[PDB]
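One structure is given below, encoded as structure tokens.
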Number of protein chains: 6
Amino acid sequence: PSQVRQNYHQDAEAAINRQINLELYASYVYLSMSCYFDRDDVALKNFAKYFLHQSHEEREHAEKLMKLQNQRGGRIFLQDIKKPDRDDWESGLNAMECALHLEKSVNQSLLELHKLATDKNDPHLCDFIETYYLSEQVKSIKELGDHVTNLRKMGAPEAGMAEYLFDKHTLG
Amino acid sequence: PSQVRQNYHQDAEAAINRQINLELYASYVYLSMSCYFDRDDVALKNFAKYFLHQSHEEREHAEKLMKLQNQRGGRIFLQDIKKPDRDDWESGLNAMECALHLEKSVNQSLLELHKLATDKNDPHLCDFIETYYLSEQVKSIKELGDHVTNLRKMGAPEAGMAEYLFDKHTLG
Amino acid sequence: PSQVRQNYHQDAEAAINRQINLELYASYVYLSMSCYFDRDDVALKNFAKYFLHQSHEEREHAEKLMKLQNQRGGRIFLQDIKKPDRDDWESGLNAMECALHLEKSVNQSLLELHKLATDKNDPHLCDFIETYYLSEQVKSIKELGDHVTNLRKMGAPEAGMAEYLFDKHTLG
Amino acid sequence: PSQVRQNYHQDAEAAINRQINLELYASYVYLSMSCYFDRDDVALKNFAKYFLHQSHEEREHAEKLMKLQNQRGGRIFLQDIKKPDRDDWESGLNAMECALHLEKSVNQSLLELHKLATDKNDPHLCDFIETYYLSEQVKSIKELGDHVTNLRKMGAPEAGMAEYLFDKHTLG
Amino acid sequence: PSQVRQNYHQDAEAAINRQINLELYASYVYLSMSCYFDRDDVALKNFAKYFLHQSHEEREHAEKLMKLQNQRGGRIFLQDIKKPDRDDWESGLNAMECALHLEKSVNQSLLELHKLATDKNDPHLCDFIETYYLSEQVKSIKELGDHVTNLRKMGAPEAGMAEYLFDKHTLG
Amino acid sequence: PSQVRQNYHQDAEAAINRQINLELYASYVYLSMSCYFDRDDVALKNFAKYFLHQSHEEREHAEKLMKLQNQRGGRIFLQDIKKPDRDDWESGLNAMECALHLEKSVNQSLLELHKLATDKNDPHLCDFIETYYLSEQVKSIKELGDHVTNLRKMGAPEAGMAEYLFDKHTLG
Ligand SMILES: [Fe+3]
Ligand SMILES: [Fe+3]
Ligand SMILES: [Fe+3]
Ligand SMILES: [Fe+3]
Ligand SMILES: [Fe+3]
Ligand SMILES: [Fe+3]
């Protein structure tokens with residue numbers, strides 16, 4: 001074993017490698033949304049800015065899980081990063097609704113990982129997930145729900161001034 | 001009697017204890033409106049800010065009446081603070097119309113208290129109500145009437161951009 | 001259900017609404033103690049200052065629980081705020097001993113709420129209670145015990161200089 | 001066609017989408033090298049810093065090609081990002097020699113893309129590749145050759161002080 | 001019982017007194033290592049500085065456990081501090097390997113204490129150990145493993161320039 | 001012998017190792033007094049501050065004797081640090097009287113060590129004890145005698161305001 005390794009089960013080492021690939025895939029989906037809003041037939045620059053910011057945040061989450069795996073004396077194994085489900089994201093409203101669905105699937109995976117660390121009696125790993133990951137997911141899910149509510153009430157997508165004025169006043 | 005007590009009738013001491021409970025109840029109604037606009041299915045953050053500010057102002061009015069009762073040598077007696085009439089406030093327009101009705105009922109109670117101090121020949125108590133309470137109620141009632149007029153003219157609640165743009169330009 | 005709701009049981013939503021009413025009641029008891037020390041027949045101004053500070057801290061605790069209920073997608077329901085047990089608090093020593101009893105009853109309710117979140121497997125709710133509530137209650141209970149010990153040793157209430165010199169040197 | 005499109009052949013649009021996937025793959029290989037030097041059985045922190053810097057530079061190259069494709073009125077199509085050839089990189093010398101081989105394969109692909117733009121008479125695309133890509137590759141290839149020369153002369157890998165003192169004096 | 005005591009079992013009070021003696025013993029072992037590197041026949045001043053810093057950190061850990069025992073209303077009982085296993089520590093490499101073994105034995109004792117607080121349902125005591133002790137031990141164990149790896153690769157102890165150049169470049 | 005050793009007798013080397021253990025024991029007794037005044041049933045915070053300061057001063061005296069032993073080319077040998085005589089120190093007056101007795105026993109040991117260095121003709125060792133130790137002990141003994149005199153005249157321990165007002169005005 002590694003000279004530093006203590007109280008660190010092989011099931012937890014394997015589950016951390018699965019979470020690293022999921023954060024890298026989330027970063028790639030947000031990059032694809034950012035490219036779509038910069039097309040000349042779409043042209044919404046504060047929507048493009050917003051999704052490029054989310055893409056860089058998800059890469060930082062991934063690089064912080066790699067640091068934890070080396071600190072406990074586990075070994076990192078990388079896999080393929082699969083392509084997104086779509087190339088064309090249809091509208092400002094539909095992109096926000098797709099992002100809300102993604103963030104809820106990442107939160108479900110983190111809750112399953114906390115349950116495994118609890119069953120293996122790893123208190124350091126439980127505290128790391130609570131402190132750096134769970135409170136950030138709850139904050140992101142609430143912001144995306146508030147954006148979907150306002151866009152639906154203004155009459156997006158059919159009311160043509162709706163996505164233009166939301167790009168200026170909320171995302172500006 | 002208290003060693004400080006002079007020209008202070010027992011009817012006025014009892015009427016001051018009734019006004020203290022009414023300001024505490026007004027503060028609780030504005031807190032309930034502030035919580036409603038922060039729901040994920042409502043999401044109007046400048047409406048939530050506005051009503052939380054009114055809730056803190058009404059508590060200051062209450063604490064200033066307690067100071068007056070101790071200065072004249074009367075004795076404070078507290079009662080229950082009853083719950084608001086509603087949990088769901090329906091829209092931005094309906095909440096402003098409920099607040100206009102509340103502020104007019106607080107003003108009516110203050111006018112009845114000035115009439116009692118006039119009949120008992122208490123000039124210090126008449127001047128305190130004129131200086132700190134009557135000119136603040138007239139200013140608050142006029143502001144709420146101007147907000148109701150603008151929201152009705154923009155087409156709230158059915159015109160979906162109306163409450164969104166009023167939250168940005170008047171309450172911002 | 002709310003579009004944001006995930007891993008949030010209806011028993012926990014109901015227990016959070018009970019804790020909100022208990023913090024609002026604690027805030028009202030400290031306001032009643034602050035009024036008592038400002039009477040002309042009592043006249044202890046640093047005792048009055050101390051309890052008005054505790055009353056404002058307990059309102060902030062309440063408003064922070066309302067924010068958590070809206071973030072997880074639950075619904076806030078308000079009740080009556082009942083009046084305190086007393087209008088006259090007898091002395092500086094007796095008021096500190098009543099406050100020590102109140103803070104221990106609020107801590108017991110928070111420990112029962114952490115036990116319920118543990119049984120329902122809600123790690124986000126467990127961490128919120130640990131981080132913002134449990135370490136503040138332990139710190140408040142120790143300060144109140146140290147004030148009761150010093151006042152009893154100086155000979156309060158019968159030694160008339162005791163509460164006067166404690167108001168100047170500890171609460172000043 | 002797009003309303004902005006002028007002098008932009010479909011073969012060049014397809015070749016730009018192939019270069020975008022190659023820069024994203026280069027960024028992933030440098031991230032895998034950075035993780036290796038942070039293991040407790042390797043522990044070379046200025047080697048880890050150096051490769052994390054190269055990984056972030058290659059992502060910026062990719063995001064700048066996406067901007068060019070939208071400016072000329074072409075359409076971006078993403079593919080899978082394949083995993084690196086290795087998980088264990090053996091030594092400081094072997095990692096520098098693998099990086100020199102990678103940078104020469106990226107330069108060969110850029111030279112083939114300039115030849116295609118020359119044959120299609122696209123002067124704007126020729127100038128973009130010359131100005132932002134060709135002079136950066138020649139500078140990177142020369143730096144990596146100088147690092148390999150010094151490490152071989154000091155006696156790496158078998159002379160144990162060689163990689164330690166190069167980490168302190170050249171990469172510090 | 002103490003007037004402040006709530007939810008605090010006598011087994012946990014006894015286990016906290018055992019951890020206080022273990023941190024005081026760790027502080028004494030690091031002081032003995034610091035004296036050894038200041039001998040005229042050893043003369044390594046950055047090694048002496050490094051171990052004197054660790055000795056002062058372990059005393060702060062002890063004094064913070066005493067504060068917790070008084071806050072929960074338990075009673076402190078002191079024992080003898082036993083002498084270290086050695087007076088002569090042989091080399092820079094052997095001292096780092098002895099320190100790595102000590103830090104892993106302190107971490108094992110803290111994990112046994114978290115398991116006891118979990119079984120007694122003491123959430124305040126669980127959070128204190130997680131927040132102030134577990135993340136500091138994991139960070140210290142990883143640093144000591146990286147120092148042992150570099151010293152072995154440079155050829156310590158037999159390669160006479162190895163401990164001299166590590167004292168200048170890593171501990172400087 | 002050590003290459004630096006000159007005019008340094010083996011009896012003096014052995015007497016310096018005995019004085020090192022006595023300063024470490026004095027530091028441990030003052031730490032036990034500091035913990036006692038922070039109990040919730042005692043609660044005297046300027047008494048707790050005062051004794052924690054004395055505990056840190058006695059550790060500095062010990063670390064300065066270790067430096068002298070290495071400078072003259074002698075060898076340090078550590079022993080057990082025995083536990084204090086008491087866990088409960090009864091009052092502010094009784095703790096000051098115990099500290100006065102301790103400081104006089106440390107001074108007696110230093111006078112016996114100066115007499116031995118005089119008999120062995122070691123002028124450097126005589127000057128070190130005069131310059132750094134003898135004038136500090138005479139100053140500490142006089143301060144403790146003045147504190148005992150004032151506490152006895154104010155009526156401590158039975159006059160309950162005595163230790164409270166001395167904590168505020170002399171130790172503040
Ligand atoms: Fe994430
Ligand atoms: Fe008012
Ligand atoms: Fe509270
Ligand atoms: Fe490149
Ligand atoms: Fe420690
Ligand atoms: Fe001393």
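Proteins get letters first, then strands, A, B, ... in listed order; numbering begins at 1 in each.
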Atom pairs, donor to acceptor, chain E/chain A, distance under 3.5 Å:
residue, atom, partner, partner atom, Å
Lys104(E), O, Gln6(A), NE2, 3.3
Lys104(E), NZ, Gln3(A), O, 2.8
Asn107(E), ND2, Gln6(A), OE1, 3.1
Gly145(E), O, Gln3(A), NE2, 3.1
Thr149(E), OG1, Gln3(A), NE2, 3.2

(request) Any ring pair (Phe, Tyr, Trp, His ring centres under 6.0 Å) involving residues 64-88 of chain A? Give me the pairs, sequence neighbours left out, ordered by first then second residue. (result) none
(request) Give, as side chain, backbone, both or neither, the part of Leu111(E) having an atom under 4.5 angstrom from any heavy atom of chain A. (result) side chain
(message) For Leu144(E), which atoms come within 4.5 Å of any heavy atom of chain A: side chain, backbone, both, or neither?
(response) neither
(request) Of all the heavy-atom pairs spanning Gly145(E) and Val4(A), show the shortest one and how long it is. (result) CA-CG1, 4.5 Å
